[PDB]
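Asks: In the UniProt record's numbering, the protein residues as written are 1 to 93.
Spelled out as structure tokens, the structure:
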């Protein structure tokens, strides 16, 4: 049975106006800006951007990849598909 989200979990993350996007739950570095309450720091593969999202916009990657893991014309999407499949826990700094 599922736990709450934790850093390193792989998801597709939804934001308004964008397709379900390959992403991970990040850690928060010591000294770094924390997210708002009940939100998680989401690192988006391919674009390498961070947004703060709650669980309603987070779809576990294993369950969802059939549906959402197909190429998309949007900038950075296909690079992101490669990253979540091939090296999802690397440094993208």
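For every residue, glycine included, the Cβ atom is placed at its ideal position computed from N, Cα and C.
Return helix, strand or coil for residue 2, following the three-state DSSP convention.
Replies: DSSP places residue 2 in coil when its eight states are reduced to three.
Asks: From the DSSP output, which residues share a beta bridge with residue 11?
Replies: Paired residues: 23 and 60.
Asks: Starting from residue 84, follow the alpha helix (DSSP H) in both directions and report where the run begins and ends.
Replies: Where residue 84 is concerned, the enclosing alpha helix (DSSP H) stretches over 77-86.
Asks: Under a three-way DSSP split, which group does residue 18 fall into?
Replies: Residue state, collapsed to three classes: coil.
Asks: Whole angstroms are fine: how far does the CA of residue 75 sit from the CA of residue 89?
Replies: So the two alpha carbons sit approximately 21 Å from each other.
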